[PDB]
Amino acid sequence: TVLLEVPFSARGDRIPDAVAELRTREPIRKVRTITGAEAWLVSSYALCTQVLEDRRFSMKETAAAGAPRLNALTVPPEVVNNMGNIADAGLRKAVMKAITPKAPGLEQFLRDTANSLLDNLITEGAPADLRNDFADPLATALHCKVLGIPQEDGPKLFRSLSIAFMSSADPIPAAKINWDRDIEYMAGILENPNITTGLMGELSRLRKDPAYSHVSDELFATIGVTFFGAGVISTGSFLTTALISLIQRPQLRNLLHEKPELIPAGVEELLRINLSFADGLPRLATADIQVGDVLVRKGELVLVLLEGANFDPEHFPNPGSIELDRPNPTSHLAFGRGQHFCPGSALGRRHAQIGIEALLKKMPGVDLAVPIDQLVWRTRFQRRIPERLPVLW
């Protein structure tokens, strides 16, 4: 037989029985990635947290020439370290402020947008596609608003993303075409005097502030492209697969409809059980480091399997069960942990809470319109998502 291959399954509606057997028997194990490289797959909560909290397991070094790769880069190497470059440029606080859901009018914009999407679907009549015609448009709208760019520009930026977030053994020609086009767009946004709000409005002013005169124009455009893309794919994909989890649980659907104040606790459990990340998070060892029974050598690739941690019964008892009263509810790794913890975590939570709240109010009888096994799971992609999510109500 051959070395165990990753990823195990592109299905995002159920975790393979194999994850638990692996966590029990070999919570750090050698695997082969789609490039042919070997890697260490880490699947216990204890060992996942160890790796993510040890900066000697480096994110930015995964982009080094000649390194073992999970998949091919779809961006310039520089972009892997985007957050680090943001911090170095003195821009961290400004970016963080721009992407909080606490911005005035933001939460109202999201409710209005979700309700308008849902009303259109209702007028159209069942079946409706909750990914393409609800979750992703809601994510796209949200990020145009957060960035301060026109809503009409959202769809064009969105269309890059089915290629941008591919998980490919080889470089993708279309990825560079789309990247360069999107950078040109964001550079234009920075020169556009009408753009005065949101992240791009603030970046446009900092660009002309003397305290930032030696920060490159390319970094400013890059922040816009990177935050739009990673945000839209992460929120759209999470909400989509969370809606599947909810639809599959009519009693939970009914409980949250009846007591919407439990929706935050519900979204937090839906984050914990979410299978939207298709691959472990990659890190490259910059030293020889003991992880469980394995001495990981300098230059080796480590993959942090988020559902490994998040379904670990030693940390989350009855891990497949959605429990709204856990003692450790936010201690999951859905947003990562440590140096690279997600800066959009609050925005992601609110996108999902508001989307779910609006759906349950508009479509209290929502159900799948096809048998679950008929969902088509996107392959060789950095997220697990159904190509369409047909529902009736």
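Numbers for residues come from their place in the sequence shown, where the first is 1.
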Highest mean C-alpha temperature factor of the two stretches 27-35 and 347-355, which is it?
347-355
If you take the mean CA temperature factor per stretch, which one wins between 292-300 and 272-280?
292-300
Looking at the C-alpha B-factor values in the deposited entry, which of 142, 174, 233, 95 comes out highest?
95
Checking the record values for 181, 257, 131, 315, which has the greatest CA B factor?
257
Ranked C-alpha temperature factor of residue 19 among modelled chain residues, by third
highest
Chain-relative C-alpha B factor for residue 229 (record values, thirds): the lowest
Of the three thirds of Cα B-factor ranks in this chain, residue 68 occupies the lowest
Going by the recorded CA B-factors, say which third of the chain residue 212 sits in, lowest, middle or highest.
highest
In terms of the CA temperature factor given in the entry, to which third of its chain does residue 123 belong: lowest, middle or highest?
highest
